[PDB]
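**Student:**
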Amino acid sequence: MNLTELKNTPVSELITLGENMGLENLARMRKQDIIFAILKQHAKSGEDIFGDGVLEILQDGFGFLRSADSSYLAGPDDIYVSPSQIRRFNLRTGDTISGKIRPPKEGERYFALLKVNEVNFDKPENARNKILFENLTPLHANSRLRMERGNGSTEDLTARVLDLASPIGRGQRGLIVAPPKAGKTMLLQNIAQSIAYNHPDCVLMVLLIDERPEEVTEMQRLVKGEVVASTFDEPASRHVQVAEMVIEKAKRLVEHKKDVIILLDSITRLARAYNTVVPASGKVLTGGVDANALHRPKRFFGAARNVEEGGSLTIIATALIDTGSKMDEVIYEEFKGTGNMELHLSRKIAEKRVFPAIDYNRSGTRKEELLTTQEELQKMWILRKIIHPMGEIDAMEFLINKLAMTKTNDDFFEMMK
Amino acid sequence: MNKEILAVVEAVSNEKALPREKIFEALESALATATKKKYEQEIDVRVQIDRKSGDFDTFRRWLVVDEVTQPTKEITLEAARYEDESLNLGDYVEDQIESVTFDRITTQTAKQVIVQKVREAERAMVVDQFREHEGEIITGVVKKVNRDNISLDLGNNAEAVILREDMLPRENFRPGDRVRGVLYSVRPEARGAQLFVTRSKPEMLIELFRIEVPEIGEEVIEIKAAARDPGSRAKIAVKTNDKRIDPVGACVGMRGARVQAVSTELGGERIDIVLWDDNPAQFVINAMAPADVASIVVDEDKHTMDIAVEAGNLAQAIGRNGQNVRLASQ
DNA sequence: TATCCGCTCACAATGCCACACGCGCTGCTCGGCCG
RNA sequence: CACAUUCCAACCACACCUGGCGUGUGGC
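Protein chains in written order, with the deposited numbering: chain f, 1 to 417; chain A, 1 to 330.
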């Protein structure tokens, strides 16, 4: 019995399964506890078990297998592994491990993985032979990640204008400078749907930090990808833990030569959490923000790169500006000159009912010629030349009108002639 | 001394829940309690710390009445000749000044009043900000369960209460799960439990509809009446302002899907949705569904509905604990 | 070569409580150096 | 395949401080 095929089942299904397994009324224990009791009985009936989970090595050296639905938390449904397996198969944080597991014993509180049959969708023999993510040589983005869907609906424009504003490729470093009341969640949903339709080969990773639960349940069953989030109902410890472990998973996937893309929202709240989780450094700058407190977020932002050997790690992080917060002000000030891909959204256009509120002149992409041929190069150059003298709102509405007049970017380029 | 009170008023973490004005009036109440504890008499007084100008002072309240007990707060209804009262009742004085507000007992009573009022202020703010949600479905995680009452964390220091009658006789929870419910009772002046949230009703089910049915919310299918035996049965009679919209065809759904979805969301509760009629006779004929009756005796003088069922449908017209009747009776 | 004698260095001269107090080759130059 | 450290419902464990040495004083 696999853990995913049992947990992604609805809660009522788990209740009926436990009741059919001859158990006490399962409406009392939590989902993790229900899974634990169900596995306990299903193993009491024999049934050599097959489990899976993302690995986390603690300070002692053992490993815990966390699950994706619980946003990588600690529960009775966790699988314990001794450091002997980590020394043998040469495991590390972020490596998803799947294999045979057994029932627990008295005094033990978690299951034990006996033998691994899959490490990051690979043979356990080749799991020890893999170049480190840090030893890789980063490069610029070369393969263009086209976001144009092709149906020309009222939502496809959201990606069309995107492709008309700043090209995006594998391993690109992305920032979303947008004030509140702007619809960043809509932009993230649109980009997730675009990457799920156009490029289903690369694994999609969407992360929501310090977010309201409604968006969490919306994203967990709207986009085609593994959605891990963390609401504000938990201290900054869980936030920084899930951040570190999702970036470790992404690093392991890239080491396995896989193109991963991490959508993060928001980098500002994540930096806030990283600031309040770290002890003081001795002194204080404006906004109550510590000096080294941004070292970990900055690293998280710099982990994105285009590997020359194989694989890529693209990141798109949304930032919170114009909130009247000294802390957010200094966070955006630090993060401004950090990435090579930026998208600025105008609040004045956002709350003017002109979607998507984009800023053309303020947004751009460094080394964009490596992500597009000369054709779209000259097309975007002409577009920028004609849009630079124009204003903000008038230019935005004119561009969105001329975009909705057609289906794709090619028809717009042709009508622009 | 004023430096200490300025430090304690600026060092407030939740300055929103307690701004300078109410913090200073809390300190006024604390100093009044301290002065009460100073003298063996029981005299109520005010402080008026002069928030932004300088240090504090004290007054003396009289509460003019014809009594004589505790003469520190006793002034007759006409003692307004000298000392410039000029009013019948409510005349107070600044007689007492020089109040010590730094000793051990003063500090203790100050801390006591401060913690009491920060509790009161967080209660007031949470109820004022989440009271308008009365009538809507909100989620939340429980944190403590007892044999008489359970607590719920909503977030941002928001605490909801669920009593015994607020829970079903067989529903179950434990700290960690996310349960949803509607807030029905609100007491912004309560000392403890504030957000009385539960479902325990069919109107809650109505709200569920408003969340799950996009048509419901614009009054496309009017819900007339509904009754619920908790975890046992849910009788409901609705009408339709339109003639092409079938309530038993639309609200129930396809092959009994929407009603079964609501049942499995509530934990397997038999729900009988029926069409409302403009006559109590046919209304109670249809309300006992599934059944078949051909006897109607309605009396508006005695409020009596004699609806005799055919022999054989008894176990279907009465049910367990008289459900098909006891709900229909209500 | 004895053997008494002297020198002188090493080993002693109860044993209980209560209270009080305290820091006398380390400061300035040459030699070291694996988380 | 195998040893296997299994990490923070009442409550058990998370408990405490100067004769080192000299001197001085007093009593038996």
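Here a beta-carbon is modelled for each residue, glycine too, at the ideal position from N, C-alpha and C.
1. Nearest CA to the CA of f/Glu351: which residue from f/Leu371, f/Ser325 and f/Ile393?
2. Where A/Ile285 and A/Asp292 are concerned, what is the direct C-alpha to C-alpha distance, given to the nearest angstrom?
3. Between A/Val141 and chain f, is any beta-carbon pair separated by less than 8 angstroms?
4. DSSP has f/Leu113 in a bridge; who is on the other side?
5. Can you say whether f/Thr286 is buried or exposed, counting buried as having 16 or more other CB atoms within 10 angstroms of its CB?
6. f/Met1 to f/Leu17, Cα distance in whole Å?
7. For f/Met29, go through chain A and note every residue whose CB falls closer than 8 angstroms to its CB, in chain order.
8. Please classify f/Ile191: is it buried, with 16 or more other beta-carbons within 10 angstroms of its beta-carbon, or exposed?
9. Against chain A, with Cβ distances strictly below 8 angstroms, would f/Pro213 count as a contact?
10. Would you give the residue range spanned by the beta strand (DSSP E) that f/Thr314 belongs to?
11. Give me the Cα-Cα distance between f/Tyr72 and f/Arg66, rounded to the nearest whole angstrom.
12. Using 8 angstroms as the limit for Cβ to Cβ distance, is A/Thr198 near chain f?
13. Just the Cα atoms here: how many angstroms apart are A/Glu94 and A/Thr69?
14. Hey, out of A/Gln116, A/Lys224 and A/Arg164, whose CA is closest to A/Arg191's CA?
15. By DSSP's criteria, f/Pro138 is part of a beta bridge. Which residues make up the other side?
16. Would you mind listing the beta strand (DSSP E) stretches within the segment 268 to 317 of chain A that are 3+ residues and don't spill past its ends, in chain order?
17. Going along chain f, which residues have a C-beta under 8 angstroms from A/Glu171?
18. Within the same chain, show all residues whose beta-carbon is closer than 6 angstroms to that of A/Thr139, passing over the 5 residues directly before and after it, in chain order.
19. Give the secondary structure of f/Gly174 by DSSP, where H, G and I count as helix, E and B as strand, and everything else as coil.
20. Which two residues bound the contiguous alpha helix (DSSP H) that contains A/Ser29?
21. Would DSSP call A/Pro169 helix, strand or coil?
22. If you follow the beta strand (DSSP E) that f/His199 is in, where does it begin and where does it stop?
23. Got a sec: is the Cβ-Cβ distance from A/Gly155 to anything in chain f below 8 angstroms?
24. Tell me whether f/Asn129 sits in a helix, a strand or coil according to DSSP, three-state version.
25. So what does DSSP say about f/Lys298, is it helix, strand or coil?
26. So is A/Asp148 in contact with chain f if we call contact Cβ pairs under 8 angstroms?
27. Note down, in chain order, every chain f residue with its Cβ under 9 angstroms from the Cβ of A/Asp301.
28. Say whether chain f places a C-beta atom closer than 8 angstroms to the C-beta of A/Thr101.
29. In whole angstroms, give me the CA-to-CA distance for f/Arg170 and f/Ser363.
30. Using a C-beta to C-beta distance shorter than 8 angstroms, which residues of chain f count as neighbours of A/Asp177?
**Tutor:** Quick answer:
1. For f/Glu351, the nearest C-alpha among the options comes from f/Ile393.
2. Taken atom to atom, the span from the alpha-carbon of A/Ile285 to that of A/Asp292 is near 7 angstroms.
3. So, interface residue.
4. According to the DSSP secondary-structure assignment, f/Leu113 is paired through a beta bridge with f/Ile101.
5. By the neighbour-count rule (16 or more Cβ atoms within 10 Å), f/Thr286 is not buried but exposed.
6. Rounded to whole angstroms, f/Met1 to f/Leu17 spans 13 angstroms at the Cα level.
7. Simply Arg174.
8. So f/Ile191 counts as buried.
9. Output row for f/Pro213: interface = yes.
10. That run of the beta strand (DSSP E) goes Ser312 to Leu320.
11. So the alpha carbons of these two residues sit roughly 5 angstroms apart.
12. It does not; no Cβ of chain f falls within 8 angstroms.
13. A/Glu94 and A/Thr69: Cα-Cα distance of roughly 21 angstroms.
14. Nearest option by C-alpha distance: A/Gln116.
15. BP columns for f/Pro138 point to f/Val307.
16. If we require 3 residues or more, the beta strand (DSSP E) runs fully inside the segment 268 to 317 of chain A come out as 270 to 275, 297 to 299 and 304 to 306.
17. Here the neighbours are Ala27.
18. Take A/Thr139, set aside five residues on each side of it, and the residues of its chain with a beta-carbon closer than 6 angstroms to its own are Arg178 and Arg180, in chain order.
19. If DSSP states are grouped into helix, strand and coil, f/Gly174 belongs with the strands.
20. Run containing A/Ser29: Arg20 to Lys38, per the alpha helix (DSSP H) assignment.
21. Here A/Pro169 sits in coil by DSSP.
22. Going by DSSP, f/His199 is part of no beta strand (DSSP E) at all; its letter is neither H nor E.
23. It does; some Cβ of chain f falls within 8 angstroms.
24. In the structure shown, f/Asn129 sits in coil (DSSP, three-state: anything other than H, G, I, E or B).
25. If DSSP states are grouped into helix, strand and coil, f/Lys298 belongs with the helices.
26. A/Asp148 does not count as touching chain f.
27. None at all; the shortest Cβ gap to chain f is about 48 angstroms.
28. Output row for A/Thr101: interface = no.
29. So the alpha carbons of these two residues sit roughly 18 angstroms apart.
30. One finds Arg30 and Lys31 in chain f with Cβ atoms closer than 8 angstroms to the Cβ of A/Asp177, taken in chain order.
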